[PDB]
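What follows is a pair of forms of the same protein chain, given separately as structure tokens and numbered structure 1 and structure 2.
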Structure 1
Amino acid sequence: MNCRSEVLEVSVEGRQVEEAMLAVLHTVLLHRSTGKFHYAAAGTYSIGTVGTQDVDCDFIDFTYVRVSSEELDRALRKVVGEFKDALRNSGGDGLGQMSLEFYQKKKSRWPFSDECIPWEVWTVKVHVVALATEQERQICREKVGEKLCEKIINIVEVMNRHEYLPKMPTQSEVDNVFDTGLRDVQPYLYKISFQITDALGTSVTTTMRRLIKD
């Protein structure tokens, strides 16, 4: 089970960065979580039920669906905010990425911490641009929303395309596959991190991408 990685790219206005990341992490996590496992000593276990809700974006003409866990939404909202202010204090560069990776924990011998083995990573590269009129702020609400549509479609296509998932664990091993720390929902073990990148050129891959258009 070697690590699958996926990259999406978005160009957004300043106000739109938080919703667009929220739109992407929640749709991946909605596919990458499950009902709470409730084990009995005999080995038997039951699965709880996941609720979902629609979220209208305020700066994008867009709606996405998230699991109805409010600790989870709080969790991602705070680190999505840590990404955005980090972009704001980046001044010029204008770029930064965010990554979400799912991993299993393997028990390690003393003194080494359990090694965390990713089986899937998601990366979102953002390019903030600031807009001048308030009608290209309004018009921008529409095509960012149209572009997140196809980003959501692609995420969904990749998930059917992706075959490996962790073996479903026993009660002793469940904390090495799932985050059992939430009440509503059981996400796979996951880490999200980010980086503020420095800009440089785009490398005359343009001709390769221009061959695909023709």
Structure 2
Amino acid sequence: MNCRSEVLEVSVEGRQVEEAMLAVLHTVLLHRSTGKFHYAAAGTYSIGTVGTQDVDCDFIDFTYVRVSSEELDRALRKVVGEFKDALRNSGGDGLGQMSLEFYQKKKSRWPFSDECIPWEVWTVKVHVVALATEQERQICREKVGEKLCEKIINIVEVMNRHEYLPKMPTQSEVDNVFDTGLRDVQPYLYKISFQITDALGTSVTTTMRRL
């Protein structure tokens, strides 16, 4: 179960950092979750029902679908808020990224604590652009939505080409595969971190050959 990674990239105004991030995360998390399991003593379990809803963006001409859990939404909005604060207060660089990683917990013999193994990680890099006019604003609200369309498309397409998923737990193994802390949804064990990066340059070789 070696880890699989995907890299998305988006160019937005600061105002739309949150919604953009919220659009990507939620899209991934809609595919990487299921109904809550209720186990019986016999070992079987029933699966609950996941709701979905539409989110119209206020700073992007865009709508995305998310699971109807409000705990999950408040969590992701919070970590994305951490990302926006760090990004704003980083200043000139303006090269930020967030990673959403899915992992299993594997039990180790004492004294070693259980090892978290990633099976899939999503990184999205944010390029923030400064706008001067109200017109640039209005066009940006459209073009960013058009770009997030192809982002969601590629997330779905990749979601089909990934053939690996952890195998359904038993009542005791559940918390090594699923996050069971929410009321309305049962996400795969995930982890959202972020990182502010310094921009680097580009090599010249084959570009010479092209010239």
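Each residue is numbered by where it sits in the sequence of structure 1, with counting from 1. Only residues modelled in both forms are compared. Rigid core (definition): largest C-alpha set, two forms, superposition within 1.5 Å.
Once both forms are fitted on their core, a CA shift of 2 Å or more is seen for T206 between the two structures. On the core-superposed pair, the CA position of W110 changes by 2.3 Å between the two structures. Once the rigid core is matched between the two structures, the CA atom of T44 is found 1.1 Å away. Core-superposed comparison between the two structures: runs of at least three consecutive shared residues with Cα shifts of 2 Å or more are located at 109-112, 202-211.
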